[PDB]
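The chain below stands alone and is given in structure tokens; this is the form deposited in one PDB entry.
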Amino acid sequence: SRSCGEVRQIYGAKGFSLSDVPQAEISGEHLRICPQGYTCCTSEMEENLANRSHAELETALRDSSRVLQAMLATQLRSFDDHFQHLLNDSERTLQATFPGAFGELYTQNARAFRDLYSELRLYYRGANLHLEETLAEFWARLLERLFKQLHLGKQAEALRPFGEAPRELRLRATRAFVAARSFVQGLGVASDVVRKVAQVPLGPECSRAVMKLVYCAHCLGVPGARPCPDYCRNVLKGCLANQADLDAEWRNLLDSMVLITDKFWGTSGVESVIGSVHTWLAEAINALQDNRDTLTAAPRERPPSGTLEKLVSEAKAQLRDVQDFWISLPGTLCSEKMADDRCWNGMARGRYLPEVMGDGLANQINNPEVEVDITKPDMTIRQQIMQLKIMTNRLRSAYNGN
């Protein structure tokens, strides 16, 4: 009713000077952002409120992004730590139980096994290695020394003195270790992408659009009004479009990542080789000492649910939950922090007629609330899309045994 007392309240409680707000409505000819009409807002008040709304949206965005980063980091640490512990507990179990069973056979060769575990370790960490060739070399030297303590051209390979254990170990390790490494690496790349995209600032366009969205209701004399859901969604879809462009490759990455988890195990019944290597080694040694005089001429059931299995289930739940993130941002921010027949449509309290825009940069060309340039995409987002592409390629090749 042309008394600005309510607006004076809100402006003052937001920590701005009460000096600048008039007692009655004045001509809004001076308004740059808000639709020109009789208003309680001074230009001062207008730019201040715009700045504030901008800051608020930024804070929201960074909050969401930080939540996502937190989740991804947690998953990363979890899987890395568990893989490494599995390898490690395998080695320590080997060191503990081997001298008893195999005696001097292991006792004299221990450096070979230690070195092998070191090789597997370096491989998981992403060093360049041919695991096939490494294992082959290992079996060659080990066979040499073992044959020497049992009592050049070697007939031995193709006479399979160690049995099927070397083959099993080769296949299983080759699959599982590249699976694990690729998965962890994928988590890392996801985290980095989110962290880098969070840094991309909002433009002046988005600023004026958000100001018109939020506090222009107050300026035009209807401060009790809160934005219509479709209005807010259009404004945010216009602001976040470049971020929305990440959707495709984000989804591809996450899909390939929930795909690669299946390769942590071979086909059914046997526990993952990643923690069970020592076991196949023992199998091989036993098979050799079984073949000792002809040459002179333990892989336990998989538990119904194991640690790695539970971690994988939880992780797949998380990834399935966050796959829609980039396009889910506007609805999420609008639902939680930004917003009953009559609501603020931006010219008055009423209905918002305009149809909601589609996702992505290109779809914002006709966006009524915000003016967006679709010709030049944000190239940071583009960089990150490239990263997603590359990591996805790595994971797809890893899934194919490549």
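Note that residue numbering begins at 1 and tracks the sequence as displayed. So that the term is clear: the rigid core is the largest set of C-alpha atoms that superpose within 1.5 Å between two forms.
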Exercise. Looking across the other entries that model both neighbours, is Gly238 missing in at least a third?
Worked result: no
For this session: For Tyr215, record whether it is unmodelled in at least a third of the other compared entries of this protein.
Result: no
For this session: Please say, as none, 1 to 3, 4 to 9, or 10 or more, how many residues of the deposited sequence are without coordinates in the interval between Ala158 and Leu159.
Result: none
Exercise. Per the entry, where is the mean C-alpha temperature factor higher: 76-84 or 304-312?
Worked result: 304-312
Exercise. Out of 201-209 and 186-194, which stretch has the higher average CA B-factor listed in the record?
Worked result: 201-209
Seminar exercise, completed: From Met391, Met379, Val21, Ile385, the top C-alpha temperature factor is at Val21
Seminar exercise, completed: Based on the PDB entry, the highest CA temperature factor among the options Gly275, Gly153, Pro229, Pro166 is that of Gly153
Exercise. With respect to C-alpha B-factor, does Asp359 fall in the lowest, middle or highest third of the chain as deposited?
Worked result: lowest
Exercise. Against its chain's modelled residues, does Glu271's Cα B factor rank lowest, middle or highest third?
Worked result: middle
For this session: Divide the modelled residues of the chain into thirds by Cα B-factor and specify which third, lowest, middle or highest, holds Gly331.
Result: lowest
Exercise. Going by what the PDB entry lists, where does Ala297 fall on CA B-factor within its chain: lowest, middle or highest third?
Worked result: highest
For this session: Looking at the entry's B-factor column for C-alpha atoms only, identify whether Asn128 ranks in the lowest, middle or highest third of its chain.
Result: highest
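FYI, the form deposited in another entry isn't displayed, but the following is about it.
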Exercise. So which residue among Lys196, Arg92, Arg125, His130 shifts its CA at least 2 Å between the shown form and the other one once the core is superposed?
Worked result: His130
Exercise. After the core is overlaid between the shown form and the other one, has the C-alpha of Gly224 moved by 2 angstroms or more?
Worked result: no
Exercise. Is the C-alpha displacement of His82 equal to or greater than 2 Å between the shown form and the other one once the rigid core has been superposed?
Worked result: no
For this session: Examine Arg141 after superposing the rigid core and state whether its CA is displaced by 2 Å or more between the shown form and the other one.
Result: yes
